[PDB]
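Pasting the structure below:
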């Protein structure tokens with residue numbers, strides 16, 4: 157959930 | 065490529081001094097440049113169409129980015 | 029158009045040399061001998077000194093094409109990772125846990147009743 161949100165905000 | 069030809073044209077306009085035993089430089093200058101005309105990136109199509117293609121693909125790039133904002 | 033403007037320069041120069049050298053070429057008078065052809069060369073140079081600058085803009089315009097396509101690839105390269113994590117996301121979740129809910133919870137409730151039920155037929159195996 158945090159990785160996806162980080163993925164959502166970031167290019168990767 | 066393209067900036068060089070303007071220099072080649074400048075050089076070709078300042079040659080052919082006199083008539084004697086001479087070097088066929090003017091003959092090698094139109095041939096050298098004629099190759100440069102055959103290698104210009106953009107004479108194959110009009111400039112307006114290329115610019116229109118830029119905005120059309122910027123529309124999707126913007127739309128994808130704009131739809132990437134609703135993504136959040 | 030550009031290539032045509034150059035074959036004129038060579039042809040005009042070639043004919044100019046012949047009649048400044050060949051004395052018998054007076055009868056065969058053609059282009060590259062008068063002052064009108066020289067003026068034509070100047071106009072060709074002027075036209076040839078305009079089509080290059082238009083092309084220089086085209087090359088720069090085409091360069092802006094590649095950078096945009098790269099962004100499209102970058103905006104689409106991550107999609108391959110996006111699709112990879114969606115299938116992973118679905119598999120992570122335990123779907124249809126309602127079966128486990130009505131099964132496990134029913135066993136739990144009563145935990146005080148199962149213990150009492152098993153205390154009276156114990157040692158049920160040989």
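Residue numbers (UniProt numbering), protein chains in the order written: chain A, 157 to 168; chain B, 65 to 136; chain C, 29 to 137, 144 to 160.
All C-beta atoms, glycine included, are put in the ideal place defined by N, C-alpha and C.
- prompt: Leaving out the 5 sequence neighbours to the left and right, which residues in its chain are closer than 6 angstroms to residue 46 of chain C when beta-carbon positions are compared?
  reply: 53
Interface residues of chain C facing residue 98 of chain B [CB-CB closer than 8 angstroms]: 31, 34
message: I want to see whether chain B comes within less than 7 angstroms of residue 71 of chain C, judged by CB atoms only; does it?
response: no
- prompt: By how many angstroms is the C-alpha of residue 103 of chain B removed from the C-alpha of residue 60 of chain C?
  reply: 29 angstroms
field: Where the alpha helix (DSSP H) through residue 93 of chain B begins and ends
entry: 89 to 102
- prompt: From residue 74 of chain C to residue 81 of chain C, what does the alpha carbon distance come to, in whole angstroms?
  reply: 12 angstroms
message: Using 8 angstroms for Cβ pairs, my map puts residue 92 of chain C next to residue 118 of chain B. What's the rounded Cβ distance?
response: 6 angstroms
message: Is it buried or exposed, residue 91 of chain B, if we count other Cβ atoms within 10 angstroms and call 16 or more buried?
response: exposed
message: Could you check whether the segment 118 to 132 of chain B touches the segment 62 to 70 of chain C, counting it as contact only if at least three pairs of C-beta atoms, one from each stretch, sit closer than 8 angstroms?
response: no
- request: For residue 134 of chain B, return the contacting residues in chain C, with the cut-off set at a CB-CB distance below 9 angstroms.
  value: Simply none; closest approach about 15 angstroms.
- prompt: By how many angstroms is the C-alpha of residue 76 of chain B removed from the C-alpha of residue 82 of chain B?
  reply: 15 angstroms
task: Please confirm if residue 114 of chain B has its CB atom under 7 angstroms from at least one CB of chain C.
output: yes
task: Flag residue 44 of chain C as yes if its beta-carbon sits less than 7 angstroms from any beta-carbon of chain B, otherwise no.
output: no
query: CA-CA distance, residue 141 of chain C and residue 58 of chain C?
result: Note on chain C: consecutive modelled numbers read 137 then 144, so residue 141 of chain C has no coordinates in the structure shown.
query: Just checking my contact of residue 66 of chain B with residue 33 of chain C at CB under 8 angstroms: how many whole Å lie between their CB atoms?
result: The pair is not a contact, with the Cβ atoms about 17 angstroms apart (cut-off 8 angstroms).
- request: Have a look at residue 85 of chain C and residue 114 of chain B and give me their C-alpha separation to the nearest angstrom.
  value: 10 angstroms
Chain C contact for residue 81 of chain B (CB, 7 angstroms cutoff): no
- request: Using a Cβ-Cβ cut-off of less than 9 angstroms, give me the residues of the segment 115 to 127 of chain B that come near chain C, in sequence order.
  value: 115, 117, 118, 121, 122, 124, 125
task: Taking all protein chains shown into account, decide if residue 56 of chain C is buried (16 or more other Cβ within 10 angstroms of its Cβ) or exposed.
output: exposed
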